[PDB]
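Colleague: here is my input, please return the structure:
(4 chains)
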There are 4 protein chains.
Amino acid sequence: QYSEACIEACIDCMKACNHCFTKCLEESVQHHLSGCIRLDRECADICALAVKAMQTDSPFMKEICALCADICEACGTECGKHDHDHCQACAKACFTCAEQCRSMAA
Amino acid sequence: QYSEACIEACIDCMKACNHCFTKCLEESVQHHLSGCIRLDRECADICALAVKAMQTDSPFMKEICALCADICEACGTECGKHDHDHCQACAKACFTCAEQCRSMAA
Amino acid sequence: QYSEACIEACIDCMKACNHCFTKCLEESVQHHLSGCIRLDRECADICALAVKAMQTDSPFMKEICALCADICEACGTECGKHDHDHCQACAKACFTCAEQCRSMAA
Amino acid sequence: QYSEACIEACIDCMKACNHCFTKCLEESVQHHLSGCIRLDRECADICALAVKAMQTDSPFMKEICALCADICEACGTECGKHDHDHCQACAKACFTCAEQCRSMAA
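Modeller: Residues are numbered from 1 along each chain as shown, chains lettered A, B, ... in the order given. There you are, the coordinates:
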C-alpha cells in the first residue's frame, strides 16, 4: 500500500499519454512535434511496466520508478511546449508522476 | 467514454491478476496449480493490451476485448477452484471483466 | 518447434513495424497517413504479445495468432498504399506474418 | 546498426527467460525457487521493452539498457543456482545480455 499513490498516478499518466498520442495522431496540420508522439509512446510503455512492477512487488521497483521519473520528466518538458489542451493535461500528469516517482525512489 | 467502465474493470482485473501472481509465488507448499500462474500472467498481459487499445481508440478494440473476455473467462474458471482469498478476488474480478467485455463487444 | 517459423516471422514483423514507426515519425511533410502510425504501433504490440504467447506455450496461442493475423493484414493493407521503402518492407513483413499466422491457427 | 548485436542478444535472452518460465511452471516438486519465476518474468518484460526501445531509436536507449543489464545480472545470478538445463541456458543468455548491455551503455 506504500506505492498505491504512485500506482494511481502512473495509471493516470498512462491514460494521459495515450490520450495525447491519439489526439496528436488525429490532428494533421501542426505535425505535433513528432518527438512528442515518440515520447508519449515510450512514457506510456515505461509507465505500464512501472505499474506492472509495482503491482507485482518486484525487487527492481525503485530502478524502474527512477527510469519512469526520468522519462516522465522528459515527456512533460516536451509536451508542455504545445498549445493543445490534451498536451497540457499530458504534461501535468507527467510532472505529477515524475515528482511522485522521485519522492518514492530513494 | 463508452468504454471507460470496461477500462476501469480491466485495470481492476490487471491489479487482481498481478496480486494473485505475487501471492501465488510467495506461498510454497500448495504449488498453486501452476496453470493459475501462467493464466494470471497471460490475463494481466492481455488486459494491459486491452487497456492500451481502449485508451488509444484503436480500430481493433472489439477483437482485443473479445480475446480478453475469453482469457478472463478461463482465468476466472481456473482461479475459482482455489481456497485462497486472493485467488477468489482474482476470479471475481476476472468474471466481472469477462462479462463487461462480452457486453461491450458485439 | 512447431511455431518457431511463426516466432521468427513475428519478430521480423515487430522489427519492420518499429522501423516504419520511427521512419514515419522522422519525416514531416507527408504526415504519413497517421493511421499507418497507429496501426504500426498496435501491430508491433500484438506481435510482441504473440511472440510472448508462442514462446511461453500459452493455451491461448491460436486466438492471439488469429488476432495478430487480422491486425497484420490490416497493417499491411494500410502500409502498402505508401511510396516509402520502409513502408513497403513493413507491408511485406506484415503480409508474411499474416499468412504465417493464418496457416498456423486452424 | 550499432545496437543490432544487443537487439539479437536481448531477443535470445527473451526466448531463454520465457523458456525457463514455462519449464519452471511445468515441473512441480522442486518449487524452482519462485524468485526465479518472478525474475524471469521481469527480465523478459524489461528485455522486450529494451528491444522495443532499441528498435524504435528512443532517446532513452542507454537508461533502459542499463536497467536491463542490472535485471539480467540479477536473473542470471539467481538462475545459475539451479541444476536444470533450461535454467543454466537462461543464466548464460542473461549474462551474455548483461555484458552486452554494459558494454553498450556508457
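Colleague: quick one: the helices in chain A?
Modeller: Using DSSP state H, the helices of chain A run over residues A:4-26, A:35-55, A:61-79, A:85-104.
Colleague: so which of those helices comes closest to residue D:91?
Modeller: With CB to CB as the measure, helix A:61-79 is the member of the helices of chain A nearest residue D:91 (20.5 Å). All C-beta atoms are positioned from the backbone trio N, CA, C, and that covers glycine.
Colleague: do the closest one and chain B meet at all?
Modeller: No - legend: contact between helix A:61-79 and chain B by CB under 8 Å from any CB of the partner chain is lacking; minimum distance shown is 11.9 Å.
Colleague: that helix vs helix A:4-26, what angle?
Modeller: Helix A:61-79 runs at 40 degrees relative to helix A:4-26, counting by axes from the mean of the first three to the mean of the last three CA atoms, to 10 degrees.
Colleague: show me what helix A:61-79 is packed against.
Modeller: When contacts are defined as 3 or more CB pairs under 8 Å, 6 or more residues apart in numbering or on different chains; DSSP states H and E, helix A:61-79 sits against helix A:4-26, helix A:35-55, helix A:85-104, helix D:61-79.
Colleague: what's the residue sitting furthest away from the middle of chain A sitting at in phi/psi?
Modeller: Residue farthest from the centre of chain A, counting by CA atoms, centre = their mean, is residue A:29 at 24.9 Å. With angles defined as degrees, to the nearest 10, residue A:29 sits at phi -80, psi -30.
Colleague: and the nearest residue to residue A:95 once chain neighbours are set aside, what does it touch?
Modeller: When the adjacent residues along the chain are set aside, residue A:95 lies closest to residue A:76, with 4.4 Å between them (CB to CB, 6 or more residues apart in numbering or on different chains). Residue A:76 makes contact with A:90, A:91, A:92, A:94, A:95, A:98, according to CB atoms under 8 Å, 6 or more residues apart in numbering or on different chains.
Colleague: hmm, back to that, quickly compare the helices and strands packed on helix A:61-79 and say which is most buried.
Modeller: Comparing the helices and strands packed on helix A:61-79 by mean neighbour count (mean count of other CB atoms under 10 Å in any protein chain shown), helix A:35-55 comes out on top with a mean of 24.
Colleague: what about stretch A:97-106, near chain B?
Modeller: No - with CB under 8 Å from any CB as the criterion, chain B is not reached by stretch A:97-106; the gap is at least 15.4 Å.
Colleague: check the offset of that stretch from the chain's centre.
Modeller: Computed by CA atoms, centre = their mean, to the nearest Å, the chain-centroid distance of stretch A:97-106 equals 12 Å.
Colleague: using CSV, write out the CA atom coordinates for that stretch.
Modeller: C-alpha atoms of stretch A:97-106 as CSV (Å, rounded to 0.1, in the frame of the first residue of the first chain):
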residue,chain,number,x,y,z
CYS,A,97,4.0,11.1,-11.9
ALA,A,98,7.6,12.4,-12.1
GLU,A,99,7.5,14.1,-8.7
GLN,A,100,5.7,11.0,-7.3
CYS,A,101,8.4,8.6,-8.6
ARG,A,102,11.2,10.9,-7.4
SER,A,103,9.6,11.2,-4.0
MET,A,104,9.1,7.4,-4.0
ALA,A,105,12.5,6.1,-5.0
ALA,A,106,15.3,7.0,-2.6
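Colleague: separation between the spatially closest residue to residue A:74 that is not a sequence neighbour and chain C?
Modeller: Take residue A:74 and drop its neighbours on the chain: the residue closest to it by CB to CB, 6+ apart is residue A:39, 6.2 Å away. Separation of residue A:39 from chain C (CB to the nearest CB, to the nearest Å): 10 Å.
Colleague: gap between residue A:39 and residue A:7?
Modeller: 22 Å (CB to CB, to the nearest Å).
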